[PDB]
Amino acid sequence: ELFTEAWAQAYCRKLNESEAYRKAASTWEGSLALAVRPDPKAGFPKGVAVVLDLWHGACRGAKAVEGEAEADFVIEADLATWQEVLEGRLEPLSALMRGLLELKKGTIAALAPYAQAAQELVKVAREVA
């Protein structure tokens, strides 16, 4: 199930098994939090997030956190939006540009050069059980 500890762990593993992501993020450094805004109806009254400890193409660790999460980059969105993105119904780069996926911490200037890594992060997420 999305945004659960089991998912976070399976995602980190999938990223480490992805040669495409590994190549795309070869020089990437920095943690990334995928945050879901509070949604009581969905069982996330305080919000939830998956925080990825990413480094040079690898995932050194992941974790699902209830509430606010700390990271070098934080991308926040409504659960429905994340469901669309992580399921391939919404393209991530355009979603970020329109603000559907909101960059809460970090700058576009710093993230722009890693657009392919972002595309791969999302493509890999889609393949997680």
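Start at 1 with the first residue shown and count on from there.
- Set 61-69 against 88-96 and average the Cα temperature factors; 61-69 ends up higher.
- Of the two segments examined, 74-82 and 48-56, it is 48-56 that shows the higher average Cα temperature factor in the deposited entry.
- In the PDB entry, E19 places in the highest third of its chain by CA B-factor.
- In the PDB entry, a CA B factor belonging to the middle third of its chain's modelled residues is recorded for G43.
- Annotation for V122: C-alpha temperature factor in the lowest third relative to the rest of the modelled chain, per the entry.
- In the PDB entry, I108 places in the highest third of its chain by CA B-factor.
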